[PDB]
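See below for the structure under consideration.
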Amino acid sequence: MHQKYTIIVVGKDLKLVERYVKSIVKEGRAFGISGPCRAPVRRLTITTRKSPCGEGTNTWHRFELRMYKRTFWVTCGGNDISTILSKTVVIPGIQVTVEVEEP
Amino acid sequence: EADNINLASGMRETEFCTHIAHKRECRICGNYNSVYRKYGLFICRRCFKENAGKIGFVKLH
Amino acid sequence: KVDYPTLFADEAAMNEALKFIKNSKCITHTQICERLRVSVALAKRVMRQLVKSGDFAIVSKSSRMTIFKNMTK
Amino acid sequence: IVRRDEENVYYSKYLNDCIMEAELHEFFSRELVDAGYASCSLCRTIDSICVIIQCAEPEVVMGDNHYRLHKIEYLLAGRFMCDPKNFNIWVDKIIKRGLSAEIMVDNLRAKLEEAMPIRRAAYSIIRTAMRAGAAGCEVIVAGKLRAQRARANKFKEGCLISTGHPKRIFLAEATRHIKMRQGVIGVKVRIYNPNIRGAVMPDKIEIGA
Amino acid sequence: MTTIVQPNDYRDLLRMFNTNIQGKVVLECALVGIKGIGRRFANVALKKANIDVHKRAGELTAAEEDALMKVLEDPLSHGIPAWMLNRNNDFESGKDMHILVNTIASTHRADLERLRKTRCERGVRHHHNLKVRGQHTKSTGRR
Amino acid sequence: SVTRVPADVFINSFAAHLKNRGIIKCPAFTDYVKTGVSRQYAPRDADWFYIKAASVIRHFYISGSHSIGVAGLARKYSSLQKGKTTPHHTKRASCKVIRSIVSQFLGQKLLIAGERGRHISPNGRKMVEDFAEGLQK
Amino acid sequence: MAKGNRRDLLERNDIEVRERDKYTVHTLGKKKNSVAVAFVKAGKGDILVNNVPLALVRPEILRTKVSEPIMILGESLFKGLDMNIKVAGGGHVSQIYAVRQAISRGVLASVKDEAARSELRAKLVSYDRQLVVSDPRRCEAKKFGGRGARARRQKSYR
Amino acid sequence: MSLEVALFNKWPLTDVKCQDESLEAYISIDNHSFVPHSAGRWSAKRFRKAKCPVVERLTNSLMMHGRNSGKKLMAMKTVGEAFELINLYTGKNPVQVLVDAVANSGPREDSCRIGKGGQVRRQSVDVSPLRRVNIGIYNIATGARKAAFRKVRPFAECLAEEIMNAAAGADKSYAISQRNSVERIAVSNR
RNA sequence: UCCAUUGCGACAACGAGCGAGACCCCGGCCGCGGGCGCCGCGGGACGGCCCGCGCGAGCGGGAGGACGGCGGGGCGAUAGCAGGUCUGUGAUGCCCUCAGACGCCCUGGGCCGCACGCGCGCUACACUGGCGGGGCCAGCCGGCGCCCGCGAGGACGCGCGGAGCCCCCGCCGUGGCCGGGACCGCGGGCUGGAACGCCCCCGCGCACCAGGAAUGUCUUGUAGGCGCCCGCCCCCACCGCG
């Protein structure tokens with residue numbers, strides 16, 4: 001029936017997240033729609049001293065972890081409890097790309 | 001600070017360790033100094049550069 | 001060092017300051033302070049009186065500084 | 001229009017699992033030395049966990065009738081507190097072991113621990129790499145190689161990159177520590193495969209007739 | 001304001017509480033020349049006494065001068081609070097007052113005596129002249 | 001409207017009108033208070049309360065459908081703390097006086113509440129605008 | 001507080017929808033982090049900035065700077081038309097310049113006769129070029145040797 | 001013309017022509033707008049500052065000391081005040097006065113070290129127009145600054161006085177004095 | 001010739017490679033798509049055009065253009081130093097300690113003590129200013145109502161949200177003065193098992209008038225001025241990354 005379901009997917013690298021996007025859009029055109037929302041990029045920042053001892057020129061590392069997030073809440077009533085499964089197993093099983101479903 | 005539920009569950013016993021206090025430490029090398037609590041990490045700065053690439057932190061810009 | 005008053009001791013106001021200023025084409029608070037050796041505030045008050053009377057007029061105004069012109073000639 | 005205190009759960013539910021992966025890397029590296037361990041990966045399927053391994057000879061880690069693997073699965077679950085039987089594992093096999101730095105350097109460590117001289121071990125490694133189709137391999141062995149006054153003597157064969165972004169794609173590096181009676185013997189390896197995968201090294205132009 | 005000319009009773013220099021005060025300054029900043037009186041306490045005192053505050057102290061007629069005295073010895077009656085006073089919860093009588101010149105010097109002397117016979121840390125330090133608060137010595141503060 | 005006239009003349013004219021028309025009155029604690037920890041001495045004018053009142057009502061009108069809390073207003077009356085041989089820092093204003101002002105306004109129905117905060121009521125818009133037009137000439 | 005790139009600004013949902021459809025032209029200005037959006041239509045010569053006329057912008061001294069193109073081109077065109085600007089981003093002066101840029105560009109788009117548009121371009125650019133072409137320079141990053149982009153920490157040799 | 005850019009909406013810029021030919025082409029007067037404010041990135045080429053309107057060149061020099069860096073609106077106001085004062089005293093257009101000052105101020109000769117020999121061995125030389133105008137402006141500003149410090153009088157009156165005296169060729173001013181000093185230490189070394 | 005062993009043109013040398021560049025991130029202009037929230041994929045600039053030169057590589061000027069000639073960052077060759085780190089680690093060789101312990105746990109004190117020499121910073125020496133009132137705009141990003149209390153803070157209850165300089169009006173009027181805010185004397189609170197720690201109120205009101213011999217940093221959104229966030233953190237930023 002109708003359960004206002006929403007799809008959220010998260011990843012650290014921008015190449016699979018866009019590939020997963022395309023597969024899902026391809027596989028959800030019928031079970032209603034599935035247009036994406038691209039969120040602001042959460043970037044984690046850590047600055048560290050490059051030295052373990054504190055000697056010489058004060059030189060710094062600059063790491064970061066960009067996390068990309070997309071959100072298809074377009075299923076909505078257009079997907080039933082089992083219908084969500086159909087596509088979610090027909091989409092590729094990329095090794096790393098967290099996914100959670102909620103009404 | 002119980003970094004994980006595993007590491008605890010709530011004569012000398014009268015005063016073995018009665019001075020309860022935060023004991024936050026690196027979850028790799030166990031040191032109590034220079035511990036990044038930001039983002040719920042709990043990794044020392046030294047014990048960090050090594051494993052950062054595995055975790056996913058990278059150096060650009 | 002130098003000291004100047006803040007209040008005019010009676011006849012002093014008119015026996016000079018009023019006379020002196022009226023024979024000036026342009027004027028400002030600070031000039032008159034340095035000219036007859038009185039503080040600036042008294043200058044403010046006096047010039048208020050005078051623009052009320054009509055001898056002087058404003059050409060430029062601002063909190064930091066205003067300057068007058070002698071409309072009596 | 002949106003609250004930032006809620007999505008922090010999605011963001012913090014990714015970070016934890018990235019960390020959980022690294023502990024496994026360390027543990028396997030300290031454990032599956034004899035199985036040609038290389039790397040790991042994870043898939044946080046809600047019902048159960050899946051882990052994919054890269055090993056030269058999995059049958060060693062597979063264990064007769066899958067005993068070692070199963071002994072492992074029940075173990076990890078207690079530590080990460082998951083219901084066992086939802087902590088399954090899979091193993092994948094590396095076919096180009098010469099292109100993998102980890103296999104090479106571990107083999108070198110073995111050979112060194114058997115007292116063989118460095119001059120033979122390094123060049124055997126390097127021959128093995130070139131046979132695999134590689135454009136260069138460099139080996140280094142620093143430490144108290146002689147009586148005292150430790151020095152580093154390095155062996156190489158082909159051409160290698162050393163700078164630029166391309167070094168994060170075509171250059172594969174690894175290191176180890178070897179504990180011996182005299183002291184510690186540092187060893188590190190690096191291999192260069194320019195025609196790896198499908199990516200094309202820049203500043204490389206091919207013309208037509 | 002609008003006082004250009006000295007009033008017939010202008011008093012070129014005022015004496016009060018053994019201190020002397022000039023009549024070219026505005027009133028509330030001249031009283032600051034007394035020891036025990038500042039900006040905040042003065043504006044409050046005068047206002048209660050129905051005195052203009054943007055006035056040159058030389059036009060201060062003695063009628064307004066006396067009522068001011070009457071408010072600096074019994075200020076609490078005149079509506080002023082108790083968090084605005086110099087001396088709150090005296091060590092002996094437990095009351096609250098405001099202490100002006102002469103009183104301050106005597107009062108300050110007796111506390112140190114109290115501190116001395118009692119044998120505290122502060123008293124011993126005061127007598128070799130060191131920092132009383134925890135502000136660090138050693139670094140800086142040298143000739 | 002009100003925004004078609006400079007803010008400077010409106011504020012003071014309306015304050016005089018308010019003080020004449022008994023809408024609000026300065027309580028007793030005004031005789032010895034600052035308007036913020038950031039300040040240093042007390043105000044020099046005797047009619048600063050009504051200036052604050054007018055600025056506030058103007059703020060409430062500008063926002064409109066939106067709702068303003070007391071502290072949010074107090075962040076519009078902040079300043080800078082000086083005299084500490086330490087780098088200066090910004091500090092928030094007071095809230096007791098603001099609270100008294102809004103309560104006095106609300107007791108007259110010029111100001112109405114809601115789920116959170118308060119907002120202007122149609123009568124407030126009526127009077128504010130009519131006064132503004134009157135002073136437009 | 002405002003961010004410039006927000007969708008709530010570029011579309012100007014502030015205006016009500018039945019009135020949002022009478023505005024034919026659209027326009028952009030910018031300078032530093034400041035951005036201005038203009039919705040030009042047909043009227044009898046009225047301009048507004050954040051629901052405030054042009055005569056009562058706040059720095060006071062620059063009112064001429066925003067009125068420039070009118071006294072350049074002439075008031076005929078502007079008298080013909082009516083405008084409603086909205087700006088959001090860093091700084092009073094940045095906002096001023098963005099606003100004037102938007103004015104000029106929008107009035108340029110109102111005319112359909114390209115020849116006149118080019119003639120007006122020549123007439124206007126000669127006096128100044130930043131009235132049409134956005135200024136590119138923007139705030140630059142700092143480094144860890146000191147407390148500035150190019151300045152360094154003072155060094156003591158002995 | 002159609003739009004006479006009367007400066008500050010008071011005094012025109014149509015009858016203001018420099019007399020000295022040497023530095024004429026290094027003083028812009030036809031382009032000034034109504035405000036001495038223009039965010040233009042001058043000082044990018046080697047001779048583009050030769051077009052900057054002279055009044056803007058002057059204002060940019062009044063916010064020099066670190067206490068007063070980045071404050072241009074104050075300077076615009078200051079200049080307006082001075083111009084009112086000038087028109088009041090002299091009776092004529094201040095802009096002419098300003099160009100006349102910038103002309104009469106500015107050295108025509110200077111000394112530099114080129115003769116080596118282990119000593120000053122300075123040689124007298126000539127001076128380019130651009131440097132002349134730059135130095136004239138700098139000296140005007142500096143002389144006004146030195147007077148108004150720890151003095152009751154304001155910055156603007158000092159400015160106006162310096163301008164008027166320099167334009168009159170009088171040596172009471174600071175600018176003329178510096179000019180003369182440099183000329184003599186030079187001619188001594190010629 | 002080139003910022004560059006960057007290239008041209010020759011030569012008992014011929015032919016290759018690393019480094020440099022290329023490469024990756026950010027920004028500026030345009031297009032397509034999508035869109036809770038502005039974010040994904042591409043185009044565009046190349047010493048290309050004109051004029052001068054130069055065999056040549058390449059130099060100077062003018063255009064048109066969002067941008068014009070290495071725009072800001074990351075990576076970082078061979079060889080090496082008796083440079084720093086055994087007090088970052090289930091990294092470690094050889095020594096020393098190992099049941100009145102240098103192991104581990106508890107209570108207190110100390111790392112901060114002060115006649116003295118010097119290193120990075122902060123605050124000021126005033127009118128191009130200080131005080132009081134009002135108006136108003138940011139970005140890394142971001143939480144608020146009501147009621148008490150002068151304030152700092154506090155009791156309840158819900159998910160909602162941005163500043164200094166600057167501008168306008170007034171007071172002060174060259175006085176170590178309303179500049180400056182160290183030191184000290186009563187009092188009210190917060191963190192915590194615990195104040196020696198940090199905030200607020202009244203009074204007192206130190207040196208200081210632009211700094212000798214000597215010396216550091218800097219070319220466009222740069223210096224300088226102005227403030228705002230994170231890190232470590234029970235409380236606390238004159239520090240550090242931005």
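Naming works like this for the structure tokens: A, B, ... for the chains as they're shown, residue 1 at the start of each chain, ligands 1 onward in shown order.
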Each chain I residue no farther than 6 Å from chain A, nearest pair in Å, only C-alpha atoms (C1' of nucleotides), as a Markdown table:
```
| residue | atom | partner | partner_atom | distance |
| --- | --- | --- | --- | --- |
| I:35 | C1' | A:37 | CA | 5.7 |
| I:37 | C1' | A:39 | CA | 6.0 |
| I:39 | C1' | A:38 | CA | 5.6 |
| I:84 | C1' | A:55 | CA | 5.8 |
| I:85 | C1' | A:53 | CA | 5.4 |
```
File dump, residues just selected, N, CA and C atoms (P, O5', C5', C4', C3', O3' and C1' of nucleotides), as a PDB file, in the first residue's frame:
```pdb
ATOM      1  P     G I  35      13.575  16.491  -9.743  1.00  0.00           P
ATOM      2  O5'   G I  35      14.027  17.322  -8.465  1.00  0.00           O
ATOM      3  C5'   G I  35      14.745  16.700  -7.416  1.00  0.00           C
ATOM      4  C4'   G I  35      15.348  17.706  -6.473  1.00  0.00           C
ATOM      5  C3'   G I  35      14.406  18.745  -5.903  1.00  0.00           C
ATOM      6  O3'   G I  35      13.625  18.260  -4.828  1.00  0.00           O
ATOM      7  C1'   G I  35      16.351  19.809  -6.666  1.00  0.00           C
ATOM      8  P     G I  37      14.492  23.321  -0.670  1.00  0.00           P
ATOM      9  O5'   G I  37      15.936  23.222  -0.009  1.00  0.00           O
ATOM     10  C5'   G I  37      16.175  23.751   1.288  1.00  0.00           C
ATOM     11  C4'   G I  37      17.647  23.873   1.590  1.00  0.00           C
ATOM     12  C3'   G I  37      18.549  24.043   0.369  1.00  0.00           C
ATOM     13  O3'   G I  37      19.655  24.882   0.697  1.00  0.00           O
ATOM     14  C1'   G I  37      19.203  22.133   1.557  1.00  0.00           C
ATOM     15  P     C I  39      25.767  23.708  -2.627  1.00  0.00           P
ATOM     16  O5'   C I  39      25.785  22.343  -3.439  1.00  0.00           O
ATOM     17  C5'   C I  39      25.188  21.185  -2.879  1.00  0.00           C
ATOM     18  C4'   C I  39      25.002  20.079  -3.882  1.00  0.00           C
ATOM     19  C3'   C I  39      26.281  19.567  -4.538  1.00  0.00           C
ATOM     20  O3'   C I  39      26.203  18.153  -4.668  1.00  0.00           O
ATOM     21  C1'   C I  39      24.742  20.184  -6.197  1.00  0.00           C
ATOM     22  P     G I  84      70.449  15.420  18.327  1.00  0.00           P
ATOM     23  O5'   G I  84      68.860  15.397  18.263  1.00  0.00           O
ATOM     24  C5'   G I  84      68.105  16.516  18.696  1.00  0.00           C
ATOM     25  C4'   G I  84      66.622  16.255  18.650  1.00  0.00           C
ATOM     26  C3'   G I  84      66.139  14.964  19.286  1.00  0.00           C
ATOM     27  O3'   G I  84      66.043  15.039  20.695  1.00  0.00           O
ATOM     28  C1'   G I  84      65.085  15.266  17.191  1.00  0.00           C
ATOM     29  P     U I  85      66.295  13.729  21.587  1.00  0.00           P
ATOM     30  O5'   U I  85      64.988  12.848  21.358  1.00  0.00           O
ATOM     31  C5'   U I  85      63.714  13.317  21.770  1.00  0.00           C
ATOM     32  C4'   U I  85      62.594  12.530  21.140  1.00  0.00           C
ATOM     33  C3'   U I  85      62.544  11.051  21.476  1.00  0.00           C
ATOM     34  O3'   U I  85      61.941  10.801  22.734  1.00  0.00           O
ATOM     35  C1'   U I  85      62.213  11.367  19.148  1.00  0.00           C
TER      36        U I  85
END
```
Counting only C-alpha atoms (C1' of nucleotides), which residues of chain C fall within 8 Å of chain I, and what is the closest atom pair for each with its distance in Å at one decimal, ordered by chain and rising number, as a Markdown table?
```
| residue | atom | partner | partner_atom | distance |
| --- | --- | --- | --- | --- |
| C:1 | CA | I:175 | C1' | 7.5 |
| C:3 | CA | I:175 | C1' | 7.7 |
| C:39 | CA | I:173 | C1' | 6.1 |
| C:40 | CA | I:173 | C1' | 5.7 |
| C:41 | CA | I:173 | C1' | 7.1 |
| C:63 | CA | I:169 | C1' | 7.4 |
```
Atomic distance atom CA of residue H:72 - atom CA of residue H:42, expressed in Å with one decimal = 16.0 Å
When the cut-off is 6 Å and we count only C-alpha atoms (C1' of nucleotides), which residues of chain I are near chain F, given as a PDB file with N, CA, C and O atoms (P, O5', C5', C4', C3', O3' and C1' of nucleotides), in the first residue's frame?
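After the write, part16.pdb holds the following:
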```pdb
ATOM      1  P     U I 123      45.466  43.695  21.418  1.00  0.00           P
ATOM      2  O5'   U I 123      45.544  44.574  22.740  1.00  0.00           O
ATOM      3  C5'   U I 123      44.678  44.310  23.829  1.00  0.00           C
ATOM      4  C4'   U I 123      44.932  45.238  24.988  1.00  0.00           C
ATOM      5  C3'   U I 123      44.958  46.714  24.652  1.00  0.00           C
ATOM      6  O3'   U I 123      43.661  47.268  24.549  1.00  0.00           O
ATOM      7  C1'   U I 123      46.786  46.176  26.068  1.00  0.00           C
ATOM      8  P     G I 132      29.212  53.679  27.600  1.00  0.00           P
ATOM      9  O5'   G I 132      27.954  54.572  27.224  1.00  0.00           O
ATOM     10  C5'   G I 132      27.163  55.142  28.245  1.00  0.00           C
ATOM     11  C4'   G I 132      26.034  55.983  27.711  1.00  0.00           C
ATOM     12  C3'   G I 132      25.129  55.335  26.688  1.00  0.00           C
ATOM     13  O3'   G I 132      24.194  54.435  27.239  1.00  0.00           O
ATOM     14  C1'   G I 132      25.643  57.537  26.015  1.00  0.00           C
ATOM     15  P     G I 145      14.748  32.793  22.418  1.00  0.00           P
ATOM     16  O5'   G I 145      13.383  32.056  22.770  1.00  0.00           O
ATOM     17  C5'   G I 145      12.214  32.297  22.003  1.00  0.00           C
ATOM     18  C4'   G I 145      10.975  31.806  22.707  1.00  0.00           C
ATOM     19  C3'   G I 145      10.652  32.479  24.024  1.00  0.00           C
ATOM     20  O3'   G I 145       9.944  33.692  23.850  1.00  0.00           O
ATOM     21  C1'   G I 145      10.543  30.139  24.289  1.00  0.00           C
ATOM     22  P     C I 150      17.154  42.805  40.867  1.00  0.00           P
ATOM     23  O5'   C I 150      17.840  43.050  39.455  1.00  0.00           O
ATOM     24  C5'   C I 150      17.434  44.123  38.624  1.00  0.00           C
ATOM     25  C4'   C I 150      18.595  44.696  37.858  1.00  0.00           C
ATOM     26  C3'   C I 150      19.439  43.705  37.072  1.00  0.00           C
ATOM     27  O3'   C I 150      18.920  43.456  35.781  1.00  0.00           O
ATOM     28  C1'   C I 150      20.831  45.189  38.303  1.00  0.00           C
ATOM     29  P     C I 238      41.131  35.648  24.756  1.00  0.00           P
ATOM     30  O5'   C I 238      42.478  36.405  24.384  1.00  0.00           O
ATOM     31  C5'   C I 238      43.633  35.651  24.042  1.00  0.00           C
ATOM     32  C4'   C I 238      44.842  36.517  23.817  1.00  0.00           C
ATOM     33  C3'   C I 238      46.158  35.753  23.712  1.00  0.00           C
ATOM     34  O3'   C I 238      46.990  36.342  22.716  1.00  0.00           O
ATOM     35  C1'   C I 238      46.281  37.311  25.487  1.00  0.00           C
TER      36        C I 238
END
```
What lies within 8 Å of stretch 8-10 of chain A using only C-alpha atoms (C1' of nucleotides), ignoring chain neighbours under 2 positions off, as a ChimeraX atom specification?
-> /A:6,12,17,67-73,97-101 /D:10-11,14
Quick one: everything within 8 Å of residue E:56, counting only C-alpha atoms (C1' of nucleotides), minus sequence neighbours fewer than 3 positions away in the same chain. Send it as a PyMOL selection string.
-> chain E and resi 23-27+59-60
Find the residues near stretch 66-73 of chain E: any atom within 9 Å, counting only C-alpha atoms (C1' of nucleotides), skip ones fewer than 5 places away on the same chain, and give them as a list in words.
-> residues 45, 46, 48, 49, 51, 78, 97, 98, 99 and 100 of chain E
Selection near stretch 109-117 of chain I, 12 Å with only C-alpha atoms (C1' of nucleotides), sequence-local residues under 6 positions removed, as a ChimeraX atom specification = /E:130-131,134-143 /I:196
Hey, what's within 10 Å of residue H:143 if we count only C-alpha atoms (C1' of nucleotides) and toss same-chain stuff fewer than 2 positions away? As a PyMOL selection string, please?
-> chain H and resi 138-141+145-148+158-159+162-163+173-175
Could you write out, as a PyMOL selection string, all the residues of chain H that DSSP marks as helix (DSSP H, G or I)?
-> chain H and resi 24-26+48-51+54-59+66-68+73-89+94-104+129-148+155-167+174-187
Output the contact residues of chain C with respect to chain E at a cut-off of 8 Å, based on only C-alpha atoms, as number ranges by chain.
-> C: 5-10, 13, 42, 45-46
Given the selection you just returned, output its residues as a file containing N, CA, C and O atoms, formatted as a PDB file, in the first residue's frame.
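The file below, selection07.pdb, is the result:
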```
ATOM      1  N   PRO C   5      38.598  78.860  31.196  1.00  0.00           N
ATOM      2  CA  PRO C   5      37.345  78.696  31.923  1.00  0.00           C
ATOM      3  C   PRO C   5      36.305  77.973  31.094  1.00  0.00           C
ATOM      4  O   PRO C   5      36.452  77.794  29.885  1.00  0.00           O
ATOM      5  N   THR C   6      35.248  77.553  31.777  1.00  0.00           N
ATOM      6  CA  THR C   6      34.077  76.974  31.148  1.00  0.00           C
ATOM      7  C   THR C   6      32.853  77.866  31.222  1.00  0.00           C
ATOM      8  O   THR C   6      31.879  77.609  30.512  1.00  0.00           O
ATOM      9  N   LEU C   7      32.875  78.888  32.065  1.00  0.00           N
ATOM     10  CA  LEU C   7      31.756  79.795  32.242  1.00  0.00           C
ATOM     11  C   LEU C   7      32.263  81.222  32.165  1.00  0.00           C
ATOM     12  O   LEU C   7      33.279  81.557  32.780  1.00  0.00           O
ATOM     13  N   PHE C   8      31.557  82.059  31.420  1.00  0.00           N
ATOM     14  CA  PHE C   8      32.001  83.428  31.245  1.00  0.00           C
ATOM     15  C   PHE C   8      31.674  84.234  32.489  1.00  0.00           C
ATOM     16  O   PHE C   8      30.544  84.217  32.980  1.00  0.00           O
ATOM     17  N   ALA C   9      32.655  84.975  32.980  1.00  0.00           N
ATOM     18  CA  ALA C   9      32.440  85.849  34.124  1.00  0.00           C
ATOM     19  C   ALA C   9      31.821  87.157  33.648  1.00  0.00           C
ATOM     20  O   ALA C   9      32.490  88.168  33.429  1.00  0.00           O
ATOM     21  N   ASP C  10      30.503  87.120  33.501  1.00  0.00           N
ATOM     22  CA  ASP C  10      29.634  88.289  33.302  1.00  0.00           C
ATOM     23  C   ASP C  10      30.113  89.099  32.100  1.00  0.00           C
ATOM     24  O   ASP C  10      30.210  88.544  30.998  1.00  0.00           O
ATOM     25  N   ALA C  13      31.380  88.202  28.321  1.00  0.00           N
ATOM     26  CA  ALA C  13      30.730  87.647  27.141  1.00  0.00           C
ATOM     27  C   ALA C  13      30.616  88.687  26.039  1.00  0.00           C
ATOM     28  O   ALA C  13      31.082  88.473  24.913  1.00  0.00           O
ATOM     29  N   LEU C  42      31.602  76.461  25.629  1.00  0.00           N
ATOM     30  CA  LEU C  42      31.061  77.803  25.636  1.00  0.00           C
ATOM     31  C   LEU C  42      30.881  78.305  24.226  1.00  0.00           C
ATOM     32  O   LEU C  42      29.912  79.010  23.922  1.00  0.00           O
ATOM     33  N   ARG C  45      27.609  76.956  22.874  1.00  0.00           N
ATOM     34  CA  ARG C  45      26.437  77.659  23.389  1.00  0.00           C
ATOM     35  C   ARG C  45      26.276  79.008  22.704  1.00  0.00           C
ATOM     36  O   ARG C  45      25.183  79.385  22.253  1.00  0.00           O
ATOM     37  N   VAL C  46      27.370  79.752  22.618  1.00  0.00           N
ATOM     38  CA  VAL C  46      27.317  81.090  22.066  1.00  0.00           C
ATOM     39  C   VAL C  46      26.869  81.061  20.620  1.00  0.00           C
ATOM     40  O   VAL C  46      26.025  81.861  20.193  1.00  0.00           O
TER      41      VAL C  46
END
```
Set out as JSON lines a contact list for chain E and chain I with a cut-off of 8 Å, giving each residue of chain E that qualifies its closest atom pair and distance in Å to one decimal, counting only C-alpha atoms (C1' of nucleotides), ordered by chain and rising residue number.
```
{"residue": "E:29", "atom": "CA", "partner": "I:178", "partner_atom": "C1'", "distance": 7.6}
{"residue": "E:35", "atom": "CA", "partner": "I:204", "partner_atom": "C1'", "distance": 7.9}
{"residue": "E:36", "atom": "CA", "partner": "I:203", "partner_atom": "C1'", "distance": 5.9}
{"residue": "E:37", "atom": "CA", "partner": "I:203", "partner_atom": "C1'", "distance": 7.3}
{"residue": "E:38", "atom": "CA", "partner": "I:203", "partner_atom": "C1'", "distance": 7.5}
{"residue": "E:83", "atom": "CA", "partner": "I:201", "partner_atom": "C1'", "distance": 6.7}
{"residue": "E:84", "atom": "CA", "partner": "I:202", "partner_atom": "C1'", "distance": 4.9}
{"residue": "E:85", "atom": "CA", "partner": "I:202", "partner_atom": "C1'", "distance": 5.2}
{"residue": "E:86", "atom": "CA", "partner": "I:202", "partner_atom": "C1'", "distance": 5.3}
{"residue": "E:87", "atom": "CA", "partner": "I:186", "partner_atom": "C1'", "distance": 4.7}
{"residue": "E:88", "atom": "CA", "partner": "I:186", "partner_atom": "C1'", "distance": 5.6}
{"residue": "E:89", "atom": "CA", "partner": "I:186", "partner_atom": "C1'", "distance": 7.3}
{"residue": "E:90", "atom": "CA", "partner": "I:186", "partner_atom": "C1'", "distance": 7.3}
{"residue": "E:108", "atom": "CA", "partner": "I:185", "partner_atom": "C1'", "distance": 7.1}
{"residue": "E:134", "atom": "CA", "partner": "I:196", "partner_atom": "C1'", "distance": 7.7}
{"residue": "E:136", "atom": "CA", "partner": "I:112", "partner_atom": "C1'", "distance": 6.8}
{"residue": "E:137", "atom": "CA", "partner": "I:114", "partner_atom": "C1'", "distance": 6.8}
{"residue": "E:138", "atom": "CA", "partner": "I:114", "partner_atom": "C1'", "distance": 4.9}
```
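Residues of chain C lying within 12 Å of chain H, counting only C-alpha atoms, are residues 24, 25, 26, 27, 28, 29, 30, 31, 32, 33, 34, 35, 37, 39, 40, 58, 59, 60, 61, 62, 63, 64, 65, 66, 67, 68, 69 and 70 of chain C.
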Each residue of chain A with at least one atom at most 6 Å from chain B should appear once, together with its nearest atom pair and the corresponding distance in Å (one decimal); atoms considered: only C-alpha atoms; ordering: chain, then increasing residue number; output as JSON lines.
```
{"residue": "A:62", "atom": "CA", "partner": "B:59", "partner_atom": "CA", "distance": 5.9}
{"residue": "A:63", "atom": "CA", "partner": "B:59", "partner_atom": "CA", "distance": 4.7}
{"residue": "A:64", "atom": "CA", "partner": "B:57", "partner_atom": "CA", "distance": 5.2}
{"residue": "A:65", "atom": "CA", "partner": "B:57", "partner_atom": "CA", "distance": 5.0}
```
With C-alpha atoms retained, export the selected residues as a JSON list (two decimals), in the first residue's frame.
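What ended up in selection-v1.json:
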```
[["chain", "number", "residue", "atom", "x", "y", "z"],
["A", 62, "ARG", "CA", 45.52, 18.74, 6.76],
["A", 63, "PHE", "CA", 43.31, 15.67, 6.48],
["A", 64, "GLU", "CA", 39.64, 15.58, 5.74],
["A", 65, "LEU", "CA", 36.78, 13.16, 5.11]]
```
For atom CA of residue F:124 and atom CA of residue F:61, determine how far apart the two atoms are, in Å to one decimal place.
-> 8.0 Å
